[PDB]
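Following: one structure in structure tokens, then a few remarks.
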Amino acid sequence: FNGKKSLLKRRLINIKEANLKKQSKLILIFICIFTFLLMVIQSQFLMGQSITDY
Amino acid sequence: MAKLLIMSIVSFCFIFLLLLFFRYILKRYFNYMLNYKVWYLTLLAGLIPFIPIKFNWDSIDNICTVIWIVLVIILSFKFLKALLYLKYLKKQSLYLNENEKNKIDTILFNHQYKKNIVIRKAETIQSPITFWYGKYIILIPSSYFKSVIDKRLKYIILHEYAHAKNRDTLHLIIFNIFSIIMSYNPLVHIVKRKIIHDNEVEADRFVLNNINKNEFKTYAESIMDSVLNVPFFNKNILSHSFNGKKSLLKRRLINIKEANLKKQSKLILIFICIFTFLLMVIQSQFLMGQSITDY
Amino acid sequence: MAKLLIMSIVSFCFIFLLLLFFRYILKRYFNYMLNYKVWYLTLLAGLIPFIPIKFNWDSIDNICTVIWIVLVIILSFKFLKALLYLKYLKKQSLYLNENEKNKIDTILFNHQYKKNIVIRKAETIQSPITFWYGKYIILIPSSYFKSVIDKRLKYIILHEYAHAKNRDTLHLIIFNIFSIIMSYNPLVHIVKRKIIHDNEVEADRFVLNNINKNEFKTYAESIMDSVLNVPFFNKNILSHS
Ligand SMILES: CCCCCCCCC/C=C\CCCCC(=O)O[C@@H](COC(=O)CCCCCC/C=C/CCCCCCCCC)COP(=O)(O)OC[C@H](O)CO
Ligand SMILES: CCCCCCCCC/C=C\CCCCCCC(=O)OC[C@@H](COP(=O)(O)OC[C@H](O)CO)OC(=O)CCCC/C=C\CCCCCCCCC
Ligand SMILES: [Zn+2]
Ligand SMILES: [Zn+2]
């Protein structure tokens, strides 16, 4: 009956399902290492600067 | 020259989208919390283009040159305003009576936590709040202990601890300042806000993990009352408050509490509309046109 | 033709900002509300320089055309799906019994309010909703009437009645259509939120005015419970929950 979804409402929703999960770092790591490599790629791909201006 | 900025904006948005991308599934299908610390990487990556790796139309840059500077200056103010408040706030506190301490300890000894953070009382602000400085300060009004049989102490106290544990109040400050210099890309503000929601969710988990289920129900009910009693605040961006945040629901509650019984004399609308209209007429007097007219 | 795009956007934003100043100040300092109807005039203004009445670029122009076309098509699709959702709800509704009618009568007895709008019930949804069609339909859960002591009925009825009185639902319908077509100026979409925000506030003012001071807190408590104990849905985003 609330006008629209917001924070108080979201919190109450989560209160209904116990988060009985072992949220192992395994997953975050997989993403984090992937992510980092992509920034590496971004670098080879593109850089520039004004230091060139002889 | 500002071509660099454009490059910067693009890089930022790239990583930004990447994180947002993953999140959906991780919660939607697996109910995982994403450990928010990952977000610092967006900033880093976004700024890589500034490194001199080495391995007319530009009038606009003559201008963008100072847009940067001005924004920083304004933000310097914004930031400091809050910081100064914190100066003020901190110095007004006091330590506590043993009996309260005994109660407090009874609640929390179970954790036997790393007590290198601090508990103190207040004679000022209505709701308990927290911020960092270098000490991890938890501050709560005296009315709550004088009301020794309030019971809700059981839950309120723990909540604050939960913010203390991940050092939310530390990161927040740093993050803010750093972002201020890179004032150029509004997406960073999305992030500035977004991060908050996660912190609060985690805090709720934290609490539930320390109580019964019968109690869960009770707790949830107590939160609602904790929202009810007062107007909210935005006093310290460099802090976390208790009443959740600026919102529609809250605004409506505030108004219903206040008297609201009067008509404004009709002219106000009669004229505001006339006014608006004449001006658009004027706008038109000079401005109109479309390509079909171009024989 | 880029020029026309630009003009339309600019014109709209000009007035838009003007209006915002007024509302803020007027409420902030003198405690008054403005009747939201004025907002239609922003759409109008935005389309004046637009009509062909005077009283490199090639690429830019070509693409702009294409985007306009697609935006309208997809928003319409979204809108239409919702529209039949509404059809569904109507089909499934039913009238109430005599005593239930008698309860309504009591609540509205001294109100003697216009009866050219309709009150009906269904088991389909956990909380009441309303919509327009042309008949002003108020729908409540069929599970509520039997509760001899809910003391919700009183408040729920006035709340909705009040919404019905101002024909707010109609305005949203048409209003949305115009933004469906003029899909590109983000400001045009944004104003929708403002309309809703106030529409509900105003409704509350109405209700409070019809109840005892001693129960003001009662009303408020129910408002909270109405949220606390329920899941959220927005299938009909064109309607009020
Ligand atoms: C600049 C704005 C300033 C105003 C802010 C002031 C207001 C401050 C706002 C702060 C509070 C947040 C309120 C929440 C509102 C909201 O809808 O924003 C949500 C993001 O939605 C988007 O994906 C869209 C968000 C982006 C907004 C624009 C909409 C368009 C999106 C399409 C972009 C995708 C295309 C990619 C290419 C981008 C390159 C340009 C919030 O994220 P989350 O809660 O994690 O949801 C998870 C979701 O289930 C997971 O699905
Ligand atoms: C891209 C070109 C744009 C050209 C225009 C120049 C501006 C560019 C700079 C952009 C960022 C500035 C951010 C400030 C926004 C101005 C609004 C502004 O001044 O509004 C501020 C606030 C609060 O309104 P208030 O003053 O209390 O009066 C409300 C009154 O009762 C009733 O009135 O809006 C919200 O936070 C509610 C937003 C709800 C809408 C839904 C979500 C999307 C977020 C809205 C944001 C929408 C996103 C913005 C997109 C235009
Ligand atoms: Zn918190
Ligand atoms: Zn309503």
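How things are named: the first chain in the structure tokens is A, the next is B, and so on; residues count from 1 in each chain; ligands count from 1 in the order shown.
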Could you pull out the helix (DSSP H, G or I) residues of range 24-173 of chain B from DSSP and send them as a compact mmCIF listing (two decimals) with N, CA, C and O atoms, in the first residue's frame?
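Printed below is part_21.txt as written:
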# COMPACT_ATOMS: atom_id res chain seq x y z
N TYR B 24 22.85 -8.23 -10.69
CA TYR B 24 21.50 -8.69 -10.79
C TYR B 24 21.34 -10.15 -10.50
O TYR B 24 20.56 -10.52 -9.63
N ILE B 25 22.09 -10.97 -11.20
CA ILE B 25 22.02 -12.40 -11.06
C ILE B 25 22.43 -12.87 -9.71
O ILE B 25 21.82 -13.76 -9.10
N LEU B 26 23.50 -12.29 -9.23
CA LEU B 26 24.04 -12.78 -8.00
C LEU B 26 23.01 -12.72 -6.89
O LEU B 26 22.91 -13.65 -6.09
N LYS B 27 22.22 -11.67 -6.86
CA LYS B 27 21.19 -11.69 -5.86
C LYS B 27 19.97 -12.45 -6.37
O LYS B 27 19.50 -13.39 -5.72
N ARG B 28 19.50 -12.11 -7.58
CA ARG B 28 18.30 -12.67 -8.18
C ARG B 28 18.23 -14.19 -8.16
O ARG B 28 17.15 -14.75 -7.96
N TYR B 36 30.91 -5.01 -1.35
CA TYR B 36 30.95 -3.65 -1.80
C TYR B 36 32.36 -3.08 -1.92
O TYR B 36 32.57 -2.13 -2.66
N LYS B 37 33.35 -3.62 -1.22
CA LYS B 37 34.62 -2.94 -1.31
C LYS B 37 35.11 -2.88 -2.74
O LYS B 37 35.88 -1.99 -3.11
N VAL B 38 34.62 -3.77 -3.58
CA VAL B 38 35.03 -3.83 -4.97
C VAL B 38 34.85 -2.50 -5.67
O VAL B 38 35.54 -2.20 -6.63
N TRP B 39 33.94 -1.70 -5.21
CA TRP B 39 33.65 -0.45 -5.85
C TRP B 39 34.81 0.52 -5.95
O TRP B 39 34.83 1.34 -6.87
N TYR B 40 35.83 0.41 -5.11
CA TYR B 40 36.95 1.34 -5.21
C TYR B 40 37.64 1.21 -6.55
O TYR B 40 38.32 2.13 -7.02
N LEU B 41 37.51 0.06 -7.16
CA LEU B 41 38.17 -0.20 -8.38
C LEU B 41 37.63 0.64 -9.49
O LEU B 41 38.34 0.89 -10.46
N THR B 42 36.40 1.08 -9.39
CA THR B 42 35.87 1.86 -10.47
C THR B 42 36.65 3.13 -10.57
O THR B 42 36.95 3.61 -11.66
N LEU B 43 36.92 3.72 -9.41
CA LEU B 43 37.62 4.98 -9.38
C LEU B 43 38.98 4.80 -9.97
O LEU B 43 39.41 5.59 -10.82
N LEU B 44 39.66 3.74 -9.56
CA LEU B 44 40.98 3.57 -10.05
C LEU B 44 41.00 3.44 -11.52
O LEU B 44 41.76 4.12 -12.20
N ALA B 45 40.19 2.56 -12.02
CA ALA B 45 40.23 2.33 -13.42
C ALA B 45 39.88 3.57 -14.17
O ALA B 45 40.52 3.92 -15.16
N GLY B 46 38.88 4.28 -13.68
CA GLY B 46 38.40 5.45 -14.34
C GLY B 46 39.48 6.48 -14.52
O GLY B 46 39.51 7.20 -15.51
N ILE B 48 42.75 5.87 -14.87
CA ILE B 48 43.97 5.45 -15.53
C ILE B 48 44.33 6.35 -16.67
O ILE B 48 45.49 6.72 -16.76
N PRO B 49 43.42 6.78 -17.55
CA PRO B 49 43.68 7.65 -18.65
C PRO B 49 44.48 8.89 -18.28
O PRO B 49 45.15 9.44 -19.13
N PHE B 50 44.43 9.34 -17.04
CA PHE B 50 45.18 10.53 -16.69
C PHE B 50 46.68 10.30 -16.69
O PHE B 50 47.45 11.26 -16.65
N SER B 59 37.99 26.58 -27.70
CA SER B 59 37.63 27.65 -26.81
C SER B 59 36.85 27.02 -25.67
O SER B 59 36.95 27.43 -24.52
N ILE B 60 36.07 26.00 -25.99
CA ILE B 60 35.27 25.38 -24.96
C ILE B 60 36.12 24.84 -23.83
O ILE B 60 35.65 24.77 -22.70
N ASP B 61 37.35 24.45 -24.12
CA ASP B 61 38.18 23.95 -23.08
C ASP B 61 38.67 25.14 -22.29
O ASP B 61 38.82 25.07 -21.07
N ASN B 62 38.81 26.30 -22.94
CA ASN B 62 39.27 27.45 -22.19
C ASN B 62 38.28 27.67 -21.05
O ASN B 62 38.65 28.10 -19.96
N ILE B 63 37.02 27.35 -21.32
CA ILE B 63 35.96 27.44 -20.34
C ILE B 63 35.92 26.25 -19.37
O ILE B 63 35.87 26.44 -18.15
N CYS B 64 35.96 25.02 -19.89
CA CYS B 64 35.80 23.86 -19.02
C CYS B 64 36.90 23.87 -17.97
O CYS B 64 36.70 23.41 -16.84
N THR B 65 38.00 24.53 -18.30
CA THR B 65 39.13 24.72 -17.42
C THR B 65 38.71 25.11 -16.03
O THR B 65 39.25 24.61 -15.05
N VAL B 66 37.78 26.03 -15.92
CA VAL B 66 37.45 26.47 -14.59
C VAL B 66 36.19 25.87 -14.07
O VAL B 66 35.95 25.90 -12.87
N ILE B 67 35.43 25.21 -14.92
CA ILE B 67 34.24 24.58 -14.40
C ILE B 67 34.71 23.62 -13.34
O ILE B 67 34.14 23.53 -12.25
N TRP B 68 35.78 22.91 -13.67
CA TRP B 68 36.36 21.98 -12.73
C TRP B 68 36.68 22.63 -11.42
O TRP B 68 36.25 22.18 -10.35
N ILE B 69 37.40 23.71 -11.49
CA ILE B 69 37.85 24.39 -10.32
C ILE B 69 36.69 24.85 -9.46
O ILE B 69 36.71 24.66 -8.24
N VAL B 70 35.70 25.45 -10.08
CA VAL B 70 34.58 25.96 -9.34
C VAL B 70 33.83 24.87 -8.62
O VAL B 70 33.44 25.04 -7.46
N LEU B 71 33.60 23.75 -9.29
CA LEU B 71 32.89 22.70 -8.63
C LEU B 71 33.62 22.22 -7.43
O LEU B 71 33.01 21.98 -6.40
N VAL B 72 34.93 22.12 -7.53
CA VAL B 72 35.65 21.66 -6.38
C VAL B 72 35.45 22.61 -5.24
O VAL B 72 35.25 22.18 -4.11
N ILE B 73 35.52 23.90 -5.52
CA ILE B 73 35.37 24.88 -4.47
C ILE B 73 34.03 24.75 -3.78
O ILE B 73 33.96 24.80 -2.54
N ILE B 74 32.97 24.60 -4.54
CA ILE B 74 31.66 24.47 -3.93
C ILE B 74 31.60 23.24 -3.06
O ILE B 74 31.05 23.26 -1.96
N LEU B 75 32.11 22.15 -3.58
CA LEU B 75 32.10 20.93 -2.86
C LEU B 75 32.95 21.05 -1.63
O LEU B 75 32.62 20.50 -0.58
N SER B 76 34.04 21.81 -1.70
CA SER B 76 34.86 21.97 -0.53
C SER B 76 33.97 22.48 0.56
O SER B 76 33.93 21.91 1.65
N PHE B 77 33.18 23.50 0.25
CA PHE B 77 32.22 23.99 1.21
C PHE B 77 31.28 22.91 1.70
O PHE B 77 31.12 22.73 2.91
N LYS B 78 30.66 22.20 0.79
CA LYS B 78 29.68 21.20 1.17
C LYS B 78 30.23 20.25 2.20
O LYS B 78 29.63 19.98 3.25
N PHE B 79 31.38 19.73 1.87
CA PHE B 79 32.08 18.79 2.68
C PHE B 79 32.41 19.33 4.05
O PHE B 79 32.15 18.70 5.08
N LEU B 80 33.02 20.50 4.06
CA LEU B 80 33.42 21.08 5.30
C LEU B 80 32.26 21.38 6.17
O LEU B 80 32.32 21.18 7.37
N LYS B 81 31.16 21.82 5.59
CA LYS B 81 30.04 22.12 6.43
C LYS B 81 29.79 20.95 7.33
O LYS B 81 29.72 21.08 8.56
N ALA B 82 29.66 19.78 6.74
CA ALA B 82 29.41 18.64 7.59
C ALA B 82 30.57 18.39 8.56
O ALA B 82 30.35 18.07 9.73
N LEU B 83 31.79 18.55 8.09
CA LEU B 83 32.91 18.22 8.94
C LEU B 83 32.90 19.06 10.19
O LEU B 83 33.25 18.61 11.29
N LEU B 84 32.57 20.30 10.02
CA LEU B 84 32.54 21.20 11.12
C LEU B 84 31.49 20.78 12.10
O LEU B 84 31.71 20.81 13.31
N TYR B 85 30.35 20.34 11.61
CA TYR B 85 29.34 19.88 12.52
C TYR B 85 29.93 18.78 13.36
O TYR B 85 29.74 18.73 14.57
N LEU B 86 30.63 17.87 12.72
CA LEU B 86 31.19 16.78 13.48
C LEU B 86 32.11 17.33 14.55
O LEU B 86 32.07 16.87 15.70
N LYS B 87 32.90 18.35 14.25
CA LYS B 87 33.71 18.93 15.30
C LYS B 87 32.84 19.20 16.53
O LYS B 87 33.15 18.79 17.66
N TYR B 88 31.76 19.95 16.28
CA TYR B 88 30.80 20.35 17.31
C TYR B 88 30.18 19.23 18.09
O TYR B 88 30.13 19.23 19.32
N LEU B 89 29.68 18.28 17.37
CA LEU B 89 28.96 17.20 17.95
C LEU B 89 29.81 16.42 18.91
O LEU B 89 29.41 16.11 20.03
N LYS B 90 30.98 16.07 18.45
CA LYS B 90 31.84 15.23 19.23
C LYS B 90 32.10 15.77 20.59
O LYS B 90 31.97 15.06 21.59
N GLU B 98 27.86 2.85 35.57
CA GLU B 98 28.15 1.42 35.56
C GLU B 98 26.96 0.55 35.37
O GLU B 98 27.08 -0.53 34.82
N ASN B 99 25.81 0.97 35.84
CA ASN B 99 24.71 0.07 35.73
C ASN B 99 24.32 -0.07 34.29
O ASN B 99 24.01 -1.18 33.82
N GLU B 100 24.37 1.02 33.55
CA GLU B 100 24.09 0.92 32.15
C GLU B 100 25.16 0.06 31.56
O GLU B 100 24.88 -0.86 30.80
N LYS B 101 26.39 0.29 31.95
CA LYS B 101 27.44 -0.48 31.36
C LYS B 101 27.21 -1.94 31.59
O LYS B 101 27.44 -2.75 30.69
N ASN B 102 26.73 -2.29 32.76
CA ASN B 102 26.51 -3.67 33.07
C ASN B 102 25.48 -4.26 32.14
O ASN B 102 25.59 -5.42 31.71
N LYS B 103 24.47 -3.47 31.81
CA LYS B 103 23.42 -3.94 30.95
C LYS B 103 23.94 -4.09 29.55
O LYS B 103 23.66 -5.07 28.85
N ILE B 104 24.69 -3.13 29.14
CA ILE B 104 25.20 -3.09 27.82
C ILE B 104 26.07 -4.27 27.60
O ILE B 104 25.98 -4.93 26.57
N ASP B 105 26.94 -4.51 28.55
CA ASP B 105 27.84 -5.61 28.49
C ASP B 105 27.06 -6.89 28.46
O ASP B 105 27.33 -7.78 27.65
N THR B 106 26.02 -7.00 29.26
CA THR B 106 25.27 -8.22 29.23
C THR B 106 24.80 -8.50 27.82
O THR B 106 24.86 -9.64 27.34
N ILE B 107 24.31 -7.49 27.14
CA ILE B 107 23.88 -7.71 25.78
C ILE B 107 25.03 -8.12 24.86
O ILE B 107 24.92 -9.06 24.06
N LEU B 108 26.12 -7.40 24.91
CA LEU B 108 27.17 -7.62 23.95
C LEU B 108 28.35 -8.54 24.27
O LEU B 108 29.08 -8.93 23.34
N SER B 143 17.97 9.55 27.53
CA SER B 143 16.59 9.18 27.69
C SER B 143 16.36 7.71 27.49
O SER B 143 15.43 7.12 28.06
N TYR B 144 17.25 7.08 26.76
CA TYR B 144 17.10 5.69 26.49
C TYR B 144 17.54 4.82 27.66
O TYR B 144 17.12 3.68 27.77
N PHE B 145 18.39 5.32 28.54
CA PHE B 145 18.81 4.47 29.63
C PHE B 145 18.07 4.82 30.84
O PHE B 145 17.85 3.99 31.71
N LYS B 146 17.65 6.08 30.91
CA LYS B 146 16.88 6.47 32.06
C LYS B 146 15.67 5.58 32.00
O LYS B 146 15.20 5.02 33.00
N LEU B 153 16.60 -1.30 23.73
CA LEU B 153 18.02 -1.11 23.84
C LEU B 153 18.66 -2.34 23.26
O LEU B 153 19.63 -2.26 22.49
N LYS B 154 18.04 -3.49 23.50
CA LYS B 154 18.53 -4.75 22.99
C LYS B 154 18.82 -4.72 21.53
O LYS B 154 19.74 -5.40 21.07
N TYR B 155 18.02 -4.02 20.77
CA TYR B 155 18.21 -4.04 19.36
C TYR B 155 18.96 -2.81 18.86
O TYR B 155 19.80 -2.89 17.95
N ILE B 156 18.69 -1.66 19.43
CA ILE B 156 19.30 -0.46 18.92
C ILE B 156 20.78 -0.51 19.07
O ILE B 156 21.52 -0.14 18.16
N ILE B 157 21.21 -0.93 20.23
CA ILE B 157 22.61 -0.94 20.49
C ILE B 157 23.34 -1.81 19.49
O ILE B 157 24.39 -1.43 18.97
N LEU B 158 22.83 -2.99 19.24
CA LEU B 158 23.52 -3.87 18.35
C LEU B 158 23.62 -3.30 16.94
O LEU B 158 24.65 -3.44 16.28
N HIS B 159 22.56 -2.66 16.47
CA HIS B 159 22.59 -2.12 15.14
C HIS B 159 23.78 -1.24 14.97
O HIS B 159 24.54 -1.37 14.01
N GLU B 160 24.00 -0.34 15.90
CA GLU B 160 25.12 0.53 15.65
C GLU B 160 26.40 -0.24 15.57
O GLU B 160 27.23 -0.01 14.68
N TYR B 161 26.54 -1.22 16.43
CA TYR B 161 27.75 -1.99 16.38
C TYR B 161 27.96 -2.53 15.01
O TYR B 161 29.08 -2.54 14.48
N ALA B 162 26.90 -3.00 14.41
CA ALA B 162 27.03 -3.57 13.10
C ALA B 162 27.65 -2.59 12.11
O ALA B 162 28.35 -3.02 11.19
N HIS B 163 27.39 -1.31 12.22
CA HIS B 163 28.05 -0.45 11.26
C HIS B 163 29.50 -0.37 11.62
O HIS B 163 30.40 -0.25 10.77
N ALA B 164 29.78 -0.40 12.90
CA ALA B 164 31.15 -0.27 13.32
C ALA B 164 32.01 -1.38 12.77
O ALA B 164 33.15 -1.16 12.35
N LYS B 165 31.47 -2.56 12.71
CA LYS B 165 32.26 -3.69 12.33
C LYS B 165 32.94 -3.61 10.98
O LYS B 165 34.09 -4.02 10.85
N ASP B 168 32.12 1.20 8.09
CA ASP B 168 31.43 1.96 7.04
C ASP B 168 31.75 3.44 7.09
O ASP B 168 31.94 4.10 6.06
N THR B 169 31.88 3.95 8.29
CA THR B 169 32.10 5.34 8.53
C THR B 169 33.46 5.82 8.16
O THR B 169 33.73 7.02 8.14
N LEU B 170 34.36 4.90 7.90
CA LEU B 170 35.69 5.26 7.50
C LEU B 170 35.73 5.44 6.03
O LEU B 170 36.22 6.45 5.50
N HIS B 171 35.20 4.46 5.36
CA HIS B 171 35.27 4.48 3.95
C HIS B 171 34.49 5.62 3.42
O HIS B 171 34.87 6.28 2.45
N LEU B 172 33.38 5.90 4.04
CA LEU B 172 32.53 6.92 3.51
C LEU B 172 33.24 8.24 3.31
O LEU B 172 33.03 8.91 2.29
N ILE B 173 34.05 8.64 4.28
CA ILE B 173 34.73 9.93 4.25
C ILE B 173 35.76 9.96 3.17
O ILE B 173 35.90 10.92 2.42
If you count only C-alpha atoms, which residues fall within 9 Å of residue 196 in chain C, apart from same-chain ones fewer than 5 positions away, as a list in words? residues 3 of chain A; 172, 191, 201 and 240 of chain C
I need the residues from that last selection saved to file as a short mmCIF file (atom, residue, chain, number, x, y, z; two decimals), in the first residue's frame (with C-alpha atoms), if you can.
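What follows is the written file out37.cif:
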data_model
loop_
_atom_site.label_atom_id
_atom_site.label_comp_id
_atom_site.auth_asym_id
_atom_site.auth_seq_id
_atom_site.Cartn_x
_atom_site.Cartn_y
_atom_site.Cartn_z
CA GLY A 3 3.21 4.57 -2.92
CA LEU C 172 -2.82 10.06 -15.55
CA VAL C 191 6.91 15.28 -14.18
CA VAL C 201 -0.67 13.93 -0.18
CA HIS C 240 -2.68 4.06 -7.96
#
Residues within 9 Å of ligand 3, counting only C-alpha atoms and all ligand atoms: report them as a list in words.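 After applying the 9 Å limit, what remains is residues 129, 159, 160, 162, 163, 196, 199, 200, 201, 203, 204, 240, 241, 242, 243 and 244 of chain B.
Atom pair CA of residue 136 in chain B / CA of residue 118 in chain B: separated by 6.0 Å.
Taking only C-alpha atoms and all ligand atoms into account, the protein and nucleic acid residues that come at most 7 Å from ligand 2 are residues 20, 23, 24, 186, 187, 190, 193, 194 and 198 of chain C.
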What do you get as a PyMOL selection string if you pick all residues at most 9 Å from ligand 1, counting only C-alpha atoms and all ligand atoms? (chain A and resi 6) or (chain B and resi 10+13-14+16-17+20-25+27-28+185-187+189-195+197-198)
Collect all residues with atoms no farther than 9 Å from ligand 4, counting only C-alpha atoms and all ligand atoms, and output them as a compact mmCIF listing (two decimals) with N, CA and C atoms, in the first residue's frame.
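Result saved to pocket.txt:
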# COMPACT_ATOMS: atom_id res chain seq x y z
N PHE A 1 0.84 -1.19 0.00
CA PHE A 1 0.00 0.00 0.00
C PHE A 1 0.87 1.24 0.00
N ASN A 2 2.16 1.03 0.11
CA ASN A 2 3.10 2.13 0.03
C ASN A 2 3.07 2.66 -1.40
N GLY A 3 3.28 3.97 -1.58
CA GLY A 3 3.21 4.57 -2.92
C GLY A 3 4.10 3.93 -3.97
N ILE C 129 -7.08 -1.38 -4.78
CA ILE C 129 -6.53 -0.57 -5.87
C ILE C 129 -7.64 0.20 -6.57
N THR C 130 -7.31 1.24 -7.36
CA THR C 130 -8.37 1.90 -8.15
C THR C 130 -7.99 2.17 -9.58
N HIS C 159 -10.38 7.18 1.99
CA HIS C 159 -9.21 7.41 1.20
C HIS C 159 -9.55 7.25 -0.24
N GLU C 160 -10.16 6.16 -0.56
CA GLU C 160 -10.36 6.02 -1.95
C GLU C 160 -11.37 6.96 -2.50
N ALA C 162 -11.95 9.89 -1.89
CA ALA C 162 -11.28 11.11 -2.19
C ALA C 162 -10.50 11.02 -3.47
N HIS C 163 -9.91 9.89 -3.74
CA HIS C 163 -9.21 9.85 -4.98
C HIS C 163 -10.20 9.91 -6.09
N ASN C 199 -0.54 13.95 -5.56
CA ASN C 199 -1.88 13.48 -5.60
C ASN C 199 -2.17 12.75 -4.29
N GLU C 200 -1.27 11.87 -3.86
CA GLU C 200 -1.54 11.18 -2.61
C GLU C 200 -1.54 12.13 -1.42
N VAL C 201 -0.65 13.10 -1.37
CA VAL C 201 -0.67 13.93 -0.18
C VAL C 201 -1.98 14.63 -0.02
N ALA C 203 -4.81 13.75 -1.03
CA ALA C 203 -5.83 12.87 -0.58
C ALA C 203 -5.85 12.77 0.93
N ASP C 204 -4.69 12.80 1.54
CA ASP C 204 -4.74 12.67 2.97
C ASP C 204 -5.29 13.88 3.61
N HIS C 240 -3.19 3.90 -9.30
CA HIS C 240 -2.68 4.06 -7.96
C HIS C 240 -2.94 2.80 -7.16
N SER C 241 -2.00 2.49 -6.28
CA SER C 241 -2.12 1.34 -5.41
C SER C 241 -2.92 1.72 -4.22
Starting from chain C, keep only residues with some atom at most 7 Å from an atom of chain B, counting only C-alpha atoms, and report them as a CSV table (one decimal) with N, CA, C and O atoms, in the first residue's frame.
chain,number,residue,atom,x,y,z
C,1,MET,N,16.7,19.7,-39.5
C,1,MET,CA,15.6,19.4,-38.6
C,1,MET,C,16.0,19.2,-37.2
C,1,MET,O,15.2,19.3,-36.3
C,4,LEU,N,14.5,21.7,-35.0
C,4,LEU,CA,13.2,21.7,-34.4
C,4,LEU,C,13.3,21.0,-33.1
C,4,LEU,O,12.7,21.3,-32.1
C,32,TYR,N,1.2,26.9,1.3
C,32,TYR,CA,0.1,26.6,0.3
C,32,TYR,C,0.4,25.6,-0.7
C,32,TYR,O,1.6,25.5,-1.2
C,38,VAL,N,-2.1,22.9,-13.6
C,38,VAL,CA,-1.3,23.8,-14.3
C,38,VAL,C,-0.2,23.1,-15.1
C,38,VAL,O,0.3,23.7,-16.1
C,45,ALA,N,3.3,24.6,-24.1
C,45,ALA,CA,4.3,25.5,-24.5
C,45,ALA,C,5.4,24.9,-25.3
C,45,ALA,O,5.8,25.5,-26.3
C,49,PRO,N,6.6,26.8,-30.8
C,49,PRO,CA,7.5,27.2,-31.9
C,49,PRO,C,7.6,26.1,-32.9
C,49,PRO,O,8.0,26.4,-34.1
C,50,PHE,N,7.3,25.0,-32.5
C,50,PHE,CA,7.2,23.7,-33.2
C,50,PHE,C,6.3,23.8,-34.4
C,50,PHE,O,6.6,23.1,-35.4
C,51,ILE,N,5.1,24.4,-34.3
C,51,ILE,CA,4.2,24.3,-35.5
C,51,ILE,C,4.8,25.3,-36.5
C,51,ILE,O,5.3,26.4,-36.1
C,52,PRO,N,4.8,25.0,-37.8
C,52,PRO,CA,5.5,25.7,-38.8
C,52,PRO,C,4.8,27.0,-39.2
C,52,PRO,O,4.4,27.2,-40.3
C,53,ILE,N,4.7,27.9,-38.2
C,53,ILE,CA,4.0,29.2,-38.3
C,53,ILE,C,4.9,30.3,-37.9
C,53,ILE,O,5.1,30.5,-36.7
C,54,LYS,N,5.5,31.0,-38.8
C,54,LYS,CA,6.4,32.0,-38.4
C,54,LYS,C,5.8,33.3,-37.9
C,54,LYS,O,6.0,34.4,-38.5
C,55,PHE,N,5.0,33.2,-36.9
C,55,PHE,CA,4.3,34.4,-36.3
C,55,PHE,C,4.3,34.4,-34.8
C,55,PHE,O,3.4,35.0,-34.3
C,201,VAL,N,-0.6,13.1,-1.4
C,201,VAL,CA,-0.7,13.9,-0.2
C,201,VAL,C,-2.0,14.6,0.0
C,201,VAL,O,-2.5,14.7,1.1
C,205,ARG,N,-5.0,15.0,3.1
C,205,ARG,CA,-5.5,16.2,3.7
C,205,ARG,C,-7.0,16.0,3.7
C,205,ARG,O,-7.7,16.3,4.8
If you run DSSP on the backbone, which residues of range 95-239 of chain C are strand (DSSP E), as a ChimeraX atom specification? /C:118-122,129-131,137-141
